[PDB]
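Undergrad: model08.pdb is reproduced below (PDB, C-alpha atoms and all ligand atoms).
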ATOM      1  CA  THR A   1       0.000   0.000   0.000  1.00  0.00           C
ATOM      2  CA  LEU A   2       0.953   3.648  -0.480  1.00  0.00           C
ATOM      3  CA  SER A   3      -0.598   5.846   2.250  1.00  0.00           C
ATOM      4  CA  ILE A   4      -0.496   9.450   3.490  1.00  0.00           C
ATOM      5  CA  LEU A   5      -0.107   9.968   7.214  1.00  0.00           C
ATOM      6  CA  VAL A   6      -0.885  13.530   8.330  1.00  0.00           C
ATOM      7  CA  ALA A   7      -2.344  15.557  11.190  1.00  0.00           C
ATOM      8  CA  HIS A   8      -4.084  18.801  10.070  1.00  0.00           C
ATOM      9  CA  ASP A   9      -6.315  21.399  11.724  1.00  0.00           C
ATOM     10  CA  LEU A  10      -9.721  22.780  10.589  1.00  0.00           C
ATOM     11  CA  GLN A  11      -7.997  24.983   7.932  1.00  0.00           C
ATOM     12  CA  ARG A  12      -5.519  22.237   6.875  1.00  0.00           C
ATOM     13  CA  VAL A  13      -2.529  23.763   8.682  1.00  0.00           C
ATOM     14  CA  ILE A  14       0.116  21.073   9.325  1.00  0.00           C
ATOM     15  CA  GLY A  15       3.017  23.220  10.542  1.00  0.00           C
ATOM     16  CA  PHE A  16       4.478  26.500  11.813  1.00  0.00           C
ATOM     17  CA  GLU A  17       8.150  27.457  11.768  1.00  0.00           C
ATOM     18  CA  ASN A  18       9.396  23.892  11.215  1.00  0.00           C
ATOM     19  CA  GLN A  19       7.233  22.598  14.035  1.00  0.00           C
ATOM     20  CA  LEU A  20       3.841  21.064  14.648  1.00  0.00           C
ATOM     21  CA  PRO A  21       1.630  23.837  16.143  1.00  0.00           C
ATOM     22  CA  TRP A  22       0.014  21.436  18.674  1.00  0.00           C
ATOM     23  CA  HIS A  23       1.140  18.907  21.334  1.00  0.00           C
ATOM     24  CA  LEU A  24      -0.893  15.737  21.033  1.00  0.00           C
ATOM     25  CA  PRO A  25       0.652  12.525  22.496  1.00  0.00           C
ATOM     26  CA  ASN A  26      -2.378  10.466  21.358  1.00  0.00           C
ATOM     27  CA  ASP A  27      -1.538  11.348  17.761  1.00  0.00           C
ATOM     28  CA  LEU A  28       2.162  10.461  18.209  1.00  0.00           C
ATOM     29  CA  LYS A  29       1.083   7.072  19.591  1.00  0.00           C
ATOM     30  CA  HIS A  30      -1.227   6.731  16.560  1.00  0.00           C
ATOM     31  CA  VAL A  31       1.763   7.423  14.231  1.00  0.00           C
ATOM     32  CA  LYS A  32       3.968   4.921  16.125  1.00  0.00           C
ATOM     33  CA  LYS A  33       1.445   2.060  15.989  1.00  0.00           C
ATOM     34  CA  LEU A  34       0.584   2.686  12.349  1.00  0.00           C
ATOM     35  CA  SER A  35       4.158   2.957  11.032  1.00  0.00           C
ATOM     36  CA  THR A  36       6.231   0.552  13.210  1.00  0.00           C
ATOM     37  CA  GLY A  37       7.822  -2.124  11.023  1.00  0.00           C
ATOM     38  CA  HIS A  38       7.018  -0.202   7.861  1.00  0.00           C
ATOM     39  CA  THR A  39       8.450   2.726   5.825  1.00  0.00           C
ATOM     40  CA  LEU A  40       8.198   6.510   6.269  1.00  0.00           C
ATOM     41  CA  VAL A  41       8.998   8.736   3.288  1.00  0.00           C
ATOM     42  CA  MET A  42       9.497  12.442   4.076  1.00  0.00           C
ATOM     43  CA  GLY A  43      10.885  15.672   2.553  1.00  0.00           C
ATOM     44  CA  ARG A  44      14.263  16.960   3.723  1.00  0.00           C
ATOM     45  CA  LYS A  45      12.708  19.876   5.677  1.00  0.00           C
ATOM     46  CA  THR A  46      10.413  17.539   7.619  1.00  0.00           C
ATOM     47  CA  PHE A  47      13.305  15.284   8.528  1.00  0.00           C
ATOM     48  CA  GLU A  48      15.505  18.173   9.653  1.00  0.00           C
ATOM     49  CA  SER A  49      12.736  19.531  11.895  1.00  0.00           C
ATOM     50  CA  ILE A  50      13.063  16.297  13.889  1.00  0.00           C
ATOM     51  CA  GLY A  51      16.756  15.647  13.255  1.00  0.00           C
ATOM     52  CA  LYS A  52      16.764  11.924  14.121  1.00  0.00           C
ATOM     53  CA  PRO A  53      15.229   8.946  12.375  1.00  0.00           C
ATOM     54  CA  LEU A  54      12.286   7.233  14.091  1.00  0.00           C
ATOM     55  CA  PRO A  55      13.373   3.857  15.536  1.00  0.00           C
ATOM     56  CA  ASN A  56      11.878   0.530  14.432  1.00  0.00           C
ATOM     57  CA  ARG A  57      10.868   1.396  10.862  1.00  0.00           C
ATOM     58  CA  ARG A  58      12.592   2.462   7.632  1.00  0.00           C
ATOM     59  CA  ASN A  59      13.199   6.226   7.439  1.00  0.00           C
ATOM     60  CA  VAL A  60      13.422   7.463   3.852  1.00  0.00           C
ATOM     61  CA  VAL A  61      14.272  11.109   3.021  1.00  0.00           C
ATOM     62  CA  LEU A  62      13.658  12.744  -0.351  1.00  0.00           C
ATOM     63  CA  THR A  63      16.232  15.433  -1.199  1.00  0.00           C
ATOM     64  CA  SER A  64      18.131  16.871  -4.182  1.00  0.00           C
ATOM     65  CA  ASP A  65      21.253  16.909  -1.977  1.00  0.00           C
ATOM     66  CA  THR A  66      23.743  14.315  -3.308  1.00  0.00           C
ATOM     67  CA  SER A  67      25.816  14.823  -0.108  1.00  0.00           C
ATOM     68  CA  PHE A  68      22.933  14.014   2.234  1.00  0.00           C
ATOM     69  CA  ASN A  69      23.890  11.217   4.546  1.00  0.00           C
ATOM     70  CA  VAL A  70      22.524  10.455   8.005  1.00  0.00           C
ATOM     71  CA  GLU A  71      22.985   7.198   9.933  1.00  0.00           C
ATOM     72  CA  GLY A  72      19.684   5.246   9.997  1.00  0.00           C
ATOM     73  CA  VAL A  73      18.218   7.119   7.023  1.00  0.00           C
ATOM     74  CA  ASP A  74      17.910   5.999   3.422  1.00  0.00           C
ATOM     75  CA  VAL A  75      17.988   8.746   0.812  1.00  0.00           C
ATOM     76  CA  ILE A  76      16.064   9.069  -2.433  1.00  0.00           C
ATOM     77  CA  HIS A  77      16.367  11.828  -5.090  1.00  0.00           C
ATOM     78  CA  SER A  78      13.187  11.444  -7.116  1.00  0.00           C
ATOM     79  CA  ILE A  79       9.458  10.885  -6.597  1.00  0.00           C
ATOM     80  CA  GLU A  80       9.798   7.852  -8.931  1.00  0.00           C
ATOM     81  CA  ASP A  81      12.014   6.204  -6.315  1.00  0.00           C
ATOM     82  CA  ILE A  82       9.060   6.010  -3.903  1.00  0.00           C
ATOM     83  CA  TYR A  83       7.346   3.415  -6.142  1.00  0.00           C
ATOM     84  CA  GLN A  84      10.345   1.067  -5.807  1.00  0.00           C
ATOM     85  CA  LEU A  85      10.217   0.916  -2.020  1.00  0.00           C
ATOM     86  CA  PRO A  86       8.761  -2.419  -0.830  1.00  0.00           C
ATOM     87  CA  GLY A  87       6.015  -2.938   1.737  1.00  0.00           C
ATOM     88  CA  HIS A  88       3.616  -0.424   3.217  1.00  0.00           C
ATOM     89  CA  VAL A  89       4.985   3.082   2.592  1.00  0.00           C
ATOM     90  CA  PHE A  90       3.657   6.171   4.449  1.00  0.00           C
ATOM     91  CA  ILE A  91       4.104   9.655   2.981  1.00  0.00           C
ATOM     92  CA  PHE A  92       4.880  11.472   6.205  1.00  0.00           C
ATOM     93  CA  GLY A  93       5.281  15.106   5.063  1.00  0.00           C
ATOM     94  CA  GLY A  94       5.591  17.912   4.493  1.00  0.00           C
ATOM     95  CA  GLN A  95       3.509  20.310   2.416  1.00  0.00           C
ATOM     96  CA  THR A  96       5.631  19.824  -0.711  1.00  0.00           C
ATOM     97  CA  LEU A  97       5.550  16.015  -0.559  1.00  0.00           C
ATOM     98  CA  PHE A  98       1.824  15.929   0.237  1.00  0.00           C
ATOM     99  CA  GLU A  99       1.179  18.158  -2.804  1.00  0.00           C
ATOM    100  CA  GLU A 100       3.273  15.808  -4.953  1.00  0.00           C
ATOM    101  CA  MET A 101       1.692  12.612  -3.598  1.00  0.00           C
ATOM    102  CA  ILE A 102      -2.015  13.244  -2.766  1.00  0.00           C
ATOM    103  CA  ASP A 103      -3.174  12.235  -6.284  1.00  0.00           C
ATOM    104  CA  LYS A 104      -1.037   9.044  -6.177  1.00  0.00           C
ATOM    105  CA  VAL A 105      -1.744   7.397  -2.806  1.00  0.00           C
ATOM    106  CA  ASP A 106      -4.242   4.546  -2.211  1.00  0.00           C
ATOM    107  CA  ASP A 107      -5.462   5.899   1.131  1.00  0.00           C
ATOM    108  CA  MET A 108      -4.885   8.511   3.862  1.00  0.00           C
ATOM    109  CA  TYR A 109      -4.663   8.314   7.621  1.00  0.00           C
ATOM    110  CA  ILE A 110      -5.676  11.815   8.717  1.00  0.00           C
ATOM    111  CA  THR A 111      -5.856  13.184  12.240  1.00  0.00           C
ATOM    112  CA  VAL A 112      -8.223  16.138  12.055  1.00  0.00           C
ATOM    113  CA  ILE A 113      -7.350  18.606  14.831  1.00  0.00           C
ATOM    114  CA  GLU A 114     -10.583  20.476  15.664  1.00  0.00           C
ATOM    115  CA  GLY A 115      -8.801  23.792  16.219  1.00  0.00           C
ATOM    116  CA  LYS A 116      -7.606  26.809  14.234  1.00  0.00           C
ATOM    117  CA  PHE A 117      -3.847  27.385  14.562  1.00  0.00           C
ATOM    118  CA  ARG A 118      -1.503  29.896  13.014  1.00  0.00           C
ATOM    119  CA  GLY A 119       0.438  28.021  10.317  1.00  0.00           C
ATOM    120  CA  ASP A 120       2.833  28.498   7.436  1.00  0.00           C
ATOM    121  CA  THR A 121       2.448  25.042   5.853  1.00  0.00           C
ATOM    122  CA  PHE A 122      -0.734  23.330   4.685  1.00  0.00           C
ATOM    123  CA  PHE A 123      -2.148  19.995   3.569  1.00  0.00           C
ATOM    124  CA  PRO A 124      -3.630  20.342   0.030  1.00  0.00           C
ATOM    125  CA  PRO A 125      -7.424  20.650  -0.371  1.00  0.00           C
ATOM    126  CA  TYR A 126      -9.346  17.410  -0.958  1.00  0.00           C
ATOM    127  CA  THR A 127     -13.080  16.516  -1.256  1.00  0.00           C
ATOM    128  CA  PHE A 128     -14.928  13.637   0.454  1.00  0.00           C
ATOM    129  CA  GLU A 129     -16.444  13.237  -3.012  1.00  0.00           C
ATOM    130  CA  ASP A 130     -13.181  11.398  -3.917  1.00  0.00           C
ATOM    131  CA  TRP A 131     -12.606   9.559  -0.616  1.00  0.00           C
ATOM    132  CA  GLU A 132     -14.644   6.942   1.233  1.00  0.00           C
ATOM    133  CA  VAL A 133     -14.651   7.065   5.042  1.00  0.00           C
ATOM    134  CA  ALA A 134     -13.304   3.633   6.022  1.00  0.00           C
ATOM    135  CA  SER A 135     -13.321   4.713   9.702  1.00  0.00           C
ATOM    136  CA  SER A 136     -13.699   7.821  11.866  1.00  0.00           C
ATOM    137  CA  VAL A 137     -12.772   7.586  15.538  1.00  0.00           C
ATOM    138  CA  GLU A 138     -12.785  10.391  18.105  1.00  0.00           C
ATOM    139  CA  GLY A 139      -9.617  10.726  20.128  1.00  0.00           C
ATOM    140  CA  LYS A 140      -9.955  10.905  23.895  1.00  0.00           C
ATOM    141  CA  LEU A 141      -9.544  14.265  25.589  1.00  0.00           C
ATOM    142  CA  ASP A 142      -7.549  14.180  28.821  1.00  0.00           C
ATOM    143  CA  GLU A 143      -4.885  16.084  30.762  1.00  0.00           C
ATOM    144  CA  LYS A 144      -2.084  15.646  28.204  1.00  0.00           C
ATOM    145  CA  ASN A 145      -4.412  15.658  25.122  1.00  0.00           C
ATOM    146  CA  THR A 146      -6.576  18.710  25.364  1.00  0.00           C
ATOM    147  CA  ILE A 147      -7.408  19.475  21.756  1.00  0.00           C
ATOM    148  CA  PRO A 148     -10.318  17.588  20.173  1.00  0.00           C
ATOM    149  CA  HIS A 149      -9.114  15.346  17.364  1.00  0.00           C
ATOM    150  CA  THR A 150     -10.555  12.672  15.052  1.00  0.00           C
ATOM    151  CA  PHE A 151      -8.680   9.793  13.372  1.00  0.00           C
ATOM    152  CA  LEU A 152      -9.915   9.341   9.805  1.00  0.00           C
ATOM    153  CA  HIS A 153      -8.997   6.564   7.439  1.00  0.00           C
ATOM    154  CA  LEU A 154      -9.934   7.629   3.893  1.00  0.00           C
ATOM    155  CA  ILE A 155      -9.721   5.370   0.832  1.00  0.00           C
ATOM    156  CA  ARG A 156      -9.822   6.705  -2.715  1.00  0.00           C
ATOM    157  CA  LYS A 157     -13.141   5.937  -4.441  1.00  0.00           C
TER     158      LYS A 157
HETATM  159  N1  LIG B 201       1.143  18.040  10.942  1.00  0.00           N
HETATM  160  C1  LIG B 201       1.726  17.054  10.237  1.00  0.00           C
HETATM  161  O1  LIG B 201       1.135  15.811  10.073  1.00  0.00           O
HETATM  162  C2  LIG B 201       3.060  17.213   9.577  1.00  0.00           C
HETATM  163  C3  LIG B 201       3.676  18.453   9.505  1.00  0.00           C
HETATM  164  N2  LIG B 201       4.809  18.618   8.760  1.00  0.00           N
HETATM  165  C4  LIG B 201       5.407  19.968   8.684  1.00  0.00           C
HETATM  166  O2  LIG B 201       5.712  20.354   7.339  1.00  0.00           O
HETATM  167  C5  LIG B 201       6.688  21.399   7.318  1.00  0.00           C
HETATM  168  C6  LIG B 201       7.731  21.231   6.195  1.00  0.00           C
HETATM  169  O3  LIG B 201       7.107  21.257   4.910  1.00  0.00           O
HETATM  170  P1  LIG B 201       7.804  21.747   3.501  1.00  0.00           P
HETATM  171  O4  LIG B 201       8.348  23.098   3.817  1.00  0.00           O
HETATM  172  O5  LIG B 201       6.885  21.569   2.388  1.00  0.00           O
HETATM  173  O6  LIG B 201       8.979  20.671   3.382  1.00  0.00           O
HETATM  174  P2  LIG B 201       9.101  19.106   3.023  1.00  0.00           P
HETATM  175  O7  LIG B 201       9.199  18.234   4.209  1.00  0.00           O
HETATM  176  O8  LIG B 201       8.074  18.669   2.077  1.00  0.00           O
HETATM  177  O9  LIG B 201      10.531  19.180   2.298  1.00  0.00           O
HETATM  178  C7  LIG B 201      10.748  19.907   1.105  1.00  0.00           C
HETATM  179  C8  LIG B 201      12.070  19.399   0.562  1.00  0.00           C
HETATM  180  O10 LIG B 201      11.942  18.029   0.199  1.00  0.00           O
HETATM  181  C9  LIG B 201      12.739  17.745  -0.933  1.00  0.00           C
HETATM  182  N3  LIG B 201      11.919  17.374  -2.094  1.00  0.00           N
HETATM  183  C10 LIG B 201      10.556  17.494  -2.246  1.00  0.00           C
HETATM  184  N4  LIG B 201      10.220  17.026  -3.468  1.00  0.00           N
HETATM  185  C11 LIG B 201      11.348  16.613  -4.100  1.00  0.00           C
HETATM  186  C12 LIG B 201      11.599  16.051  -5.348  1.00  0.00           C
HETATM  187  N5  LIG B 201      10.619  15.820  -6.218  1.00  0.00           N
HETATM  188  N6  LIG B 201      12.899  15.727  -5.694  1.00  0.00           N
HETATM  189  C13 LIG B 201      13.953  15.943  -4.826  1.00  0.00           C
HETATM  190  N7  LIG B 201      13.697  16.503  -3.594  1.00  0.00           N
HETATM  191  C14 LIG B 201      12.422  16.831  -3.240  1.00  0.00           C
HETATM  192  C15 LIG B 201      13.484  19.021  -1.277  1.00  0.00           C
HETATM  193  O11 LIG B 201      14.671  18.891  -0.544  1.00  0.00           O
HETATM  194  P3  LIG B 201      16.029  19.693  -0.894  1.00  0.00           P
HETATM  195  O12 LIG B 201      15.762  21.175  -0.749  1.00  0.00           O
HETATM  196  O13 LIG B 201      17.027  19.203   0.119  1.00  0.00           O
HETATM  197  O14 LIG B 201      16.419  19.333  -2.290  1.00  0.00           O
HETATM  198  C16 LIG B 201      12.560  20.093  -0.703  1.00  0.00           C
HETATM  199  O15 LIG B 201      13.198  21.329  -0.452  1.00  0.00           O
HETATM  200  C17 LIG B 201       7.223  21.453   8.751  1.00  0.00           C
HETATM  201  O16 LIG B 201       6.592  22.562   9.355  1.00  0.00           O
HETATM  202  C18 LIG B 201       6.674  20.232   9.458  1.00  0.00           C
HETATM  203  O17 LIG B 201       6.304  20.611  10.750  1.00  0.00           O
HETATM  204  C19 LIG B 201       5.335  17.567   8.061  1.00  0.00           C
HETATM  205  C20 LIG B 201       4.740  16.312   8.130  1.00  0.00           C
HETATM  206  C21 LIG B 201       3.582  16.117   8.872  1.00  0.00           C
HETATM  207  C1  LIG B 202      11.597  11.362  11.919  1.00  0.00           C
HETATM  208  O1  LIG B 202      10.682  12.312  11.307  1.00  0.00           O
HETATM  209  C2  LIG B 202       9.549  12.614  12.014  1.00  0.00           C
HETATM  210  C3  LIG B 202       9.200  11.950  13.207  1.00  0.00           C
HETATM  211  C4  LIG B 202       8.025  12.281  13.912  1.00  0.00           C
HETATM  212  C5  LIG B 202       7.674  11.632  15.109  1.00  0.00           C
HETATM  213  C6  LIG B 202       8.601  11.546  16.158  1.00  0.00           C
HETATM  214  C7  LIG B 202       8.264  10.895  17.346  1.00  0.00           C
HETATM  215  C8  LIG B 202       6.995  10.328  17.496  1.00  0.00           C
HETATM  216  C9  LIG B 202       6.063  10.412  16.457  1.00  0.00           C
HETATM  217  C10 LIG B 202       6.403  11.061  15.269  1.00  0.00           C
HETATM  218  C11 LIG B 202       7.212  13.295  13.405  1.00  0.00           C
HETATM  219  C12 LIG B 202       7.546  13.955  12.221  1.00  0.00           C
HETATM  220  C13 LIG B 202       6.578  15.060  11.780  1.00  0.00           C
HETATM  221  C14 LIG B 202       7.080  15.914  10.645  1.00  0.00           C
HETATM  222  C15 LIG B 202       5.273  14.444  11.507  1.00  0.00           C
HETATM  223  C16 LIG B 202       4.178  13.967  11.491  1.00  0.00           C
HETATM  224  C17 LIG B 202       2.862  13.441  11.655  1.00  0.00           C
HETATM  225  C18 LIG B 202       2.269  13.480  12.923  1.00  0.00           C
HETATM  226  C19 LIG B 202       3.013  14.073  14.119  1.00  0.00           C
HETATM  227  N1  LIG B 202       1.029  12.986  13.093  1.00  0.00           N
HETATM  228  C20 LIG B 202       0.364  12.466  12.046  1.00  0.00           C
HETATM  229  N2  LIG B 202      -0.862  11.978  12.208  1.00  0.00           N
HETATM  230  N3  LIG B 202       0.927  12.416  10.829  1.00  0.00           N
HETATM  231  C21 LIG B 202       2.155  12.901  10.589  1.00  0.00           C
HETATM  232  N4  LIG B 202       2.671  12.853   9.361  1.00  0.00           N
HETATM  233  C22 LIG B 202       8.713  13.618  11.522  1.00  0.00           C
END
Taking this structure as input, can you express it in the form of structure tokens?
TA:
Amino acid sequence: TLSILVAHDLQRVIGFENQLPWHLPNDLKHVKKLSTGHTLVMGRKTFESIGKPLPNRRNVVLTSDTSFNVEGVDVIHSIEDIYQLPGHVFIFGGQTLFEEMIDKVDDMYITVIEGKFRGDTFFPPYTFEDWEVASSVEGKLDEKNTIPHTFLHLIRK
């Protein structure tokens, strides 16, 4: 499978100043569970905002930089390279890679953050007209997770 994995707010903001605008441990657990033992593909900027690969899965970074080399990270230089990666691949960000991949993926795991944040990077517009709701699950509010959020699994019609 080729999937998008993204968290976005009510206006499709995904980021501000190289960071996620919200702190939601439930969503990080969701990412962990979904992607462990599989492959994450991400743009160079997204990777550098974290600075370390995520343990226990393949970390793939797309960059034009022929010098790019980080321990625990595989590098690709073209979109076409994504289609050669085996197994379940998750397009993990950011704006640029989402824009390049949204028309190509089989499905999308979206966390909708029911808030309006200041952002400088956005998930591209999409219509439910193109996507079937395979599942929609409300995240639990609590002390450490205080923004309402919904886990959506969307599959291209
Ligand atoms: N809320 C969420 O779920 C998520 C949020 N984010 C956020 O996204 C933001 C970063 O987004 P954005 O600025 O778009 O950056 P990206 O992560 O998409 O990285 C852009 C870079 O990726 C490389 N790249 C993209 N396409 C190609 C290509 N076709 N060929 C070769 N290289 C390519 C280029 O690297 P180079 O310049 O080295 O050549 C480019 O400059 C951050 O704020 C982060 O917080 C990211 C993922 C999820
Ligand atoms: C190694 O590169 C990254 C690692 C993480 C990460 C690090 C620790 C725990 C969970 C995720 C997050 C990211 C950012 C850019 C992301 C994301 C993302 C999140 C946080 N939630 C959902 N639902 N989808 C995403 N793509 C990059």
Undergrad: Between A:149, A:57, A:44, A:52, single out the one closest to residue 89 in chain A, counting only C-alpha atoms.
TA: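 Ranked by minimum distance to residue 89 in chain A, first place goes to A:57.
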Undergrad: Kindly compile the residues surrounding ligand LIG 201 (chain B) within 9 Å, counting all atoms listed in the file, and format them as number ranges by chain.
TA: A: 5-9, 12-22, 42-50, 61-66, 68, 76-80, 91-100, 110-111, 119-123
Undergrad: Just the number, please: distance in Å from CA of residue 138 in chain A to CA of residue 151 in chain A, one decimal.
TA: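 We find that CA of residue 138 in chain A and CA of residue 151 in chain A lie 6.3 Å from each other.
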Undergrad: Which of these, A:3, A:59, A:127, A:67, has the shortest distance to ligand LIG 202 (chain B) once you count all atoms listed in the file?
TA: A:59
Undergrad: Which is closer to ligand LIG 202 (chain B) than all the others in A:152, A:136, A:131, A:144, using only C-alpha atoms and all ligand atoms?
TA: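 Result for the nearest residue to ligand LIG 202 (chain B): A:152.
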Undergrad: Name every residue that the PyMOL selection byres (((chain A and resi 115) around 6) and not hetatm) selects in this structure, writing the answer as a VMD selection string with chains first and numbers rising.
TA: chain A and resid 9 to 10 113 to 114 116
Undergrad: Quick one, how far is CA of residue 54 in chain A from atom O1 of ligand LIG 202 (chain B)?
TA: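 Value for the CA of residue 54 in chain A-atom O1 of ligand LIG 202 (chain B) distance: 6.0 Å.
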Undergrad: Atom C8 of ligand LIG 202 (chain B) and CA of residue 26 in chain A, how far apart in Å?
TA: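 If I compute the distance from CA of residue 26 in chain A to atom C8 of ligand LIG 202 (chain B), I get 10.1 Å.
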Undergrad: Can you pull out the residues contacting residue 106 in chain A? Cut-off 8 Å, using all atoms listed in the file, and skip same-chain residues under 4 positions away; I want them as a PyMOL selection string.
TA: chain A and resi 1-3+155-156
Undergrad: Nearest residue to residue 128 in chain A out of A:108, A:34, A:141, A:147, using all atoms listed in the file?
TA: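 The closest residue to residue 128 in chain A is A:108.
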Undergrad: For each of A:135, A:112, A:31, A:107, take the minimum atom-to-atom distance to residue 157 in chain A, counting all atoms listed in the file, then give the residue where this is smallest.
TA: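 Ranking A:135, A:112, A:31, A:107 by distance to residue 157 in chain A, first place goes to A:107.
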